[PDB]
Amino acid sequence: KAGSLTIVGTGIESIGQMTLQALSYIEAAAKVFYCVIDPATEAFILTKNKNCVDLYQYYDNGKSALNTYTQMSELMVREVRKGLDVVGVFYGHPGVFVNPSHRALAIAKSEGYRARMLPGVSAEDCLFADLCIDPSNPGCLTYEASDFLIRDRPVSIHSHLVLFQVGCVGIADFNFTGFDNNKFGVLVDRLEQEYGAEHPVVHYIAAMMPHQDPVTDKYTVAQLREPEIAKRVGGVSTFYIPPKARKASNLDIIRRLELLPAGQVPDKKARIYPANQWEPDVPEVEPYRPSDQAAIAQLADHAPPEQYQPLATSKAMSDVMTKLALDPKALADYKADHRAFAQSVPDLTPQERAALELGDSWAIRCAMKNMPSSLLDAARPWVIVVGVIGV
């Protein structure tokens, strides 16, 4: 069935936070529809495709957001129904606090068209990077501020809390000059109830232009009642609220997971460097403990272990794998007929050609890496473990 809809993001910071694949789909599309919030990103998009439409022109003062979203979605799906490869482009991650992307994709999918959303860099992704926090330690609760209030969503004082749309509390209408955030005090009351007047709240605004610095301003909950401080919270503001305390381990789980030395399970307040610098009353953690120093001393005698798999590929294979990631038309051709595609790629070795003919992950990997004899294959599979994971 002719026609496709691919929805992509621009990320938050102008131009640079777009993914390579998002760019390649924008370039390949027959028609591009976009909704972005800075003109440099807009201009950039217009250099990449000749047939773009700005969706922002469908907003209006007093016009219901839902009617705007229905219209934005319909403009995209109308072109899909004509048999065109259509790309929608939205700020950030195009499925994070975005209504028309989900609507348009769901319609396209239900009518039998190819439909896909590509992920992008969200404001929360930026927040993690700029506030130097890992959502994994100690978990992350993420809400829209009005939804948080209206449905009385639970906080955990032991985990990260992230609140979107803190500059738009309770606001229903659209307006081109933004909104008077007159119900912000309702949010502050809730934060006082949950955390206390002296608990920190970090006002976060990611840099939107490449040369700008992020806003990373720590206030007390009580400071948010001051008019001069409240005034700073706008339409691109997010709040990060750090944990008030650390949660203890559960003895039953320690025992069932066989973390057998129970005295040597760390104290709940013990930290792996670095500690969260936004949490109240967190002790300084030593970066170079004797164990760290001993690990560093081992670097002089280091050799890769026997099971390590060196890259052993070719220019031809690297080129084709790159083309498959960066050329949506090549990818579609490959997906339509693995064998015909694989047989038309010049300079591939027999193993490379065979691996591509199959399309199997393991086969492609074994073609591109020297899998050693030492690594006796349990595949007849890997694990990441690059964080403070398990125990």
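Each residue number is its position in the shown sequence, starting from 1.
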item	value
Gap size between residue 381 and residue 380, counted in deposited residues that the entry leaves unmodelled	10 or more
Of 316-324 and 122-130, the one with larger mean CA B-factor	316-324
Of 4-12 and 382-390, the stretch whose C-alpha atoms average the higher B-factor in the entry	382-390
Residue with highest C-alpha B-factor in the PDB entry, from 348, 32, 37, 46	348
Deposited CA B-factor, highest of 205, 166, 162, 282	282
Residue 333, C-alpha B-factor rank within chain (lowest, middle or highest third)	middle
Among modelled residues of the same chain, the CA temperature factor third for residue 144	lowest
Chain-wide C-alpha B factor ranking for residue 53, given as lowest, middle or highest third	lowest
Record-listed C-alpha B factor of residue 360: chain third	highest
Record-listed C-alpha B factor of residue 238: chain third	lowest
